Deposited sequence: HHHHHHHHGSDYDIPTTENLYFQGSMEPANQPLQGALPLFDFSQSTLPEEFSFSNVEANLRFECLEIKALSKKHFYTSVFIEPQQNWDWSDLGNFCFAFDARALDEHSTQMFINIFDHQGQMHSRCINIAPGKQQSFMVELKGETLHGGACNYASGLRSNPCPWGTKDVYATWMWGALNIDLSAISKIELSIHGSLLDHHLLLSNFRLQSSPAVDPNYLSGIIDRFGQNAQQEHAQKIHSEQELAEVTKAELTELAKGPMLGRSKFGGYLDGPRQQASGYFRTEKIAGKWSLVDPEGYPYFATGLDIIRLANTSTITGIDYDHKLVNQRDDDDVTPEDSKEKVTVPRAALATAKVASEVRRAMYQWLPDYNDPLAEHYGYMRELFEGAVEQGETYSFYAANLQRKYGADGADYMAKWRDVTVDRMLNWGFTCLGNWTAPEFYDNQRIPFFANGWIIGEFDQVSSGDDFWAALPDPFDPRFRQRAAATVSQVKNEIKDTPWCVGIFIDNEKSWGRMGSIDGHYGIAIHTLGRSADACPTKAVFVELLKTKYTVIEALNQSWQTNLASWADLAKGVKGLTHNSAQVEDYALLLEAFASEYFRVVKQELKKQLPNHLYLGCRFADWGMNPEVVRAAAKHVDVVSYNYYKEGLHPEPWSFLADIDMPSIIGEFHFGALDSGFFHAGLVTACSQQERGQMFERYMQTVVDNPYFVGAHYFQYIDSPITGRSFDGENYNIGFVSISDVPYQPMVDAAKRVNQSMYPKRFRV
């Protein structure tokens, strides 16, 4: 086969299939010229809809493809969302670099379709190819190809406009990939063997040279201008409480350090080794109560793994997880740990202790004012740089959900057991931080499924599902009944409003399903969701303050798909700082409108930028065309937070590159580190960090 054109751009006008939103379009010389107005508008889209659904299930293995040029100085991250008649969505993205024309391919059949987002069940797309194979991001990998109803080219969450040239839309046959395509792709350092890039390590000798060089550079000391606790030495002095605290300063929210210096929190997440391990293939399995070929394909990717008598075999580990009557396990290895020993462990030297010292040396030299979330407790007595503490509340207690699933269930805070587990969590954080003023604050939990805005069932899923449950073993449902009874008093009044025929409050309490979700019911879902969340935040706040009354409670780190006005207002009642994770190009004005009404000091828990020029298969959630642009985008993001008067900090996820073969736990495989897997700092990230960190305090504080 080969290629089959979908359209004809020879004509004076665009084909009827094309429409636009917040995109200016002109068809000219067989190129579709688009200006996405994404600086102003959060969502911009090109829509391609056939009048009658496409049937592409008879084509064999193929890609939807097109060519693109970006005429800006910066790249464009573009999502290609392909929808079928059923509604499910195949979503991939591409980075469109400035310069020569690129060809882009979105593989819809190959299984199924090729991708690097499935861990050991990935089927590699061609890499190092001239066609760019789009990265699978969201939705379903395999959709109903017999009834394809829409394609969306989306540019969103950007700080800039983008000017693209699109041409040569086509269906293109996809050749089968060699099963041993990636054999020997990883070298002994964990790096990509078949790729070269500016800071790649080629030998232990070069490793020692580069290390010696950095250590000499770090001998130049910390970035200047900071007080002891990393606040702004020459900033408007505030009262000192002896602990990090919040304050409104010249009409902006601010943190204040223990000695009263104004404080703004910059730093990195995951300062620990636990997330650096990757599956070796040895003993890899996934079964109930082939994995074997997946096992052998993975092991053959490694050019080197240590003999079990090799001192570097110390960094082997083992994973064994149970989930859904299925056990998944395997040997793991951390090349990062191995490289630490290579770098620092000559003559039985304590390489972990050196790594800790250099890490803190690095943060202070780069200008960061803290160590971020998931910092190893070994760092907590360092007394040179502030840190953020974290705990998880787990164990046995009643739960609520959005579905019978309980896949991502939340705790029922009206179960007495939840409070006891919160106490346990707090006791361990207290034992870790030993009341030190160097602890800026404590995050509890992370990215719960509070409800995804954009649809009733998603947004108020917790309200809707819980109403379906019986109050006898669901404390939150009992609370919901008393809430509705207080609002409506008699069941007849609820029936009038809900258009239901319930016999009594007891009838409600037993469970109601198949609700039509009218406007009155949705007002009630909102009340219910907020009451539920308010008690979670109340109980956690209380248990924290009983043992650690002086330390900031920083919330639960809202993901953008796990937040809504209801749970934000609930958090605002009880947290000291509201925490958000936000993987976009920066704090785009449109979705951050609500900040004023809440008027709480806020903190970014996570963001990042990745690329593919350091030999990775996945550039992550927000992407750049090069290492240099990663640093540029880091800076652009940060300016945006420093400029926002409700934010008091931003933490970058994460310190260390993901393994190229993926994190053992979940397969996370992004080029997102400040340092490579060989512990080499990416220079434009370091440089951007320094520009941000040296400018932020004078910019912030007038």
**Fill in**
No C-alpha coords for deposited residues 1 to 33, 144 to 147, 327 to 351, 765
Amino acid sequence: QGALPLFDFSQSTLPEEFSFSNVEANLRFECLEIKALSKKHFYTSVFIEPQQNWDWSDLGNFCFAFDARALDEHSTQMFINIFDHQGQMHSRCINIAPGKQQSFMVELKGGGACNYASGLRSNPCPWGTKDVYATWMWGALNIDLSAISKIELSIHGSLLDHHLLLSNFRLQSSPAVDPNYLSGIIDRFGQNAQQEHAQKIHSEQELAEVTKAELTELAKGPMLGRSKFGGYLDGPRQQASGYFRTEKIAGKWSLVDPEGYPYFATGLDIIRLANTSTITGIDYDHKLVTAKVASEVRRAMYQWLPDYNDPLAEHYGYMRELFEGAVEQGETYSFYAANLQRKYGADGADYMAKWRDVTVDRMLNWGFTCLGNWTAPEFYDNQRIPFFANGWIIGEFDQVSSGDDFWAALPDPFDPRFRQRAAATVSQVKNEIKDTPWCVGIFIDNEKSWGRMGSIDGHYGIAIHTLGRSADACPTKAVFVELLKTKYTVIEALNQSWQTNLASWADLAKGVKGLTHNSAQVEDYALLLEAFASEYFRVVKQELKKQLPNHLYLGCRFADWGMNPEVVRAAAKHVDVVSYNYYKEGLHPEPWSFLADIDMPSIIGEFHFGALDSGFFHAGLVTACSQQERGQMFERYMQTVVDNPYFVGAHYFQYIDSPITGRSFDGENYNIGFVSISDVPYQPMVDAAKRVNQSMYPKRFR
From here on, numbers count along this sequence of modelled residues.
**Complete:** Of 322 to 330 and 360 to 368, the stretch with the higher mean C-alpha B-factor in the deposited entry is 322 to 330
**Comparing 112 to 120 with 469 to 477, the one whose average Cα B-factor in the PDB entry is higher** = 112 to 120
**Request:** Have a look at 601, 391, 139, 230 and flag the one whose Cα has the highest B-factor in the entry.
**Result:** 139
**Complete:** Comparing C-alpha B-factors across 430, 618, 85, 541 in this entry, the winner is 85
**Message:** Quick check on the deposited entry: does the C-alpha B-factor of residue 635 sit in the lowest, middle or highest third of its chain?
**Reply:** lowest
**Item:** Within-chain third of residue 679 by Cα B-factor, per the entry
**Value:** lowest
**Asked** Should residue 37 be placed in the lowest, middle or highest third of its chain by the C-alpha B factor in the entry?
**Response** middle
**Fill in**
residue 53: C-alpha B-factor third of its chain, per the entry, is the highest
**Request:** Name the third of the chain's ranked CA B-factors that contains residue 650, choosing lowest, middle or highest.
**Result:** lowest
